[PDB]
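Sequence order for the protein chains is A and B. Residues in the first sequence are numbered consecutively from 348, following UniProt numbering. Residues in the second sequence are numbered consecutively from 299, following UniProt numbering. Here a beta-carbon is modelled for each residue, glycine too, at the ideal position from N, C-alpha and C. Data first, discussion second: the structure below is written as structure tokens.
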Amino acid sequence: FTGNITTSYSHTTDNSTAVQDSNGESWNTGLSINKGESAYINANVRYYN
Amino acid sequence: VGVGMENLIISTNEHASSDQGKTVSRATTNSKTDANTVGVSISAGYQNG
């Protein structure tokens, strides 16, 4: 009939370093319109007599 | 002389816009770490003594 009791203690010290490099590109397109004055009209006309 | 109105037209002066965008990016990371651990353990028991 065997038995055993164990007690343990541990201490850990850690140091770390890190370097990150990032590059990115972006492309946007946009379109806006006014609902009051949306377009202009030109009329080609001739007079008669 | 009198004036009569036959039609009324409303043009709303609201501004509407739409935008579309795309993005691409790349990141690179390098990490370096060191760790140290010290441990002490005590055990006592009965195994044929």
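Taking a contact as a CB-CB distance under 8 Å, the pair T349/A and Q345/B counts as one, their CB atoms being some 4 Å apart. By a beta-carbon distance limit of 8 Å, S363/A does not contact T335/B. Their separation comes to about 15 Å. Listed along chain A are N381, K382, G383, each with a C-beta nearer than 9 Å to that of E312/B.
Under the three-state reduction of DSSP, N351/A is assigned to strand. Residues of chain B with a Cβ closer than 8 Å to the Cβ of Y356/A are, in chain order, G337, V338, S339.
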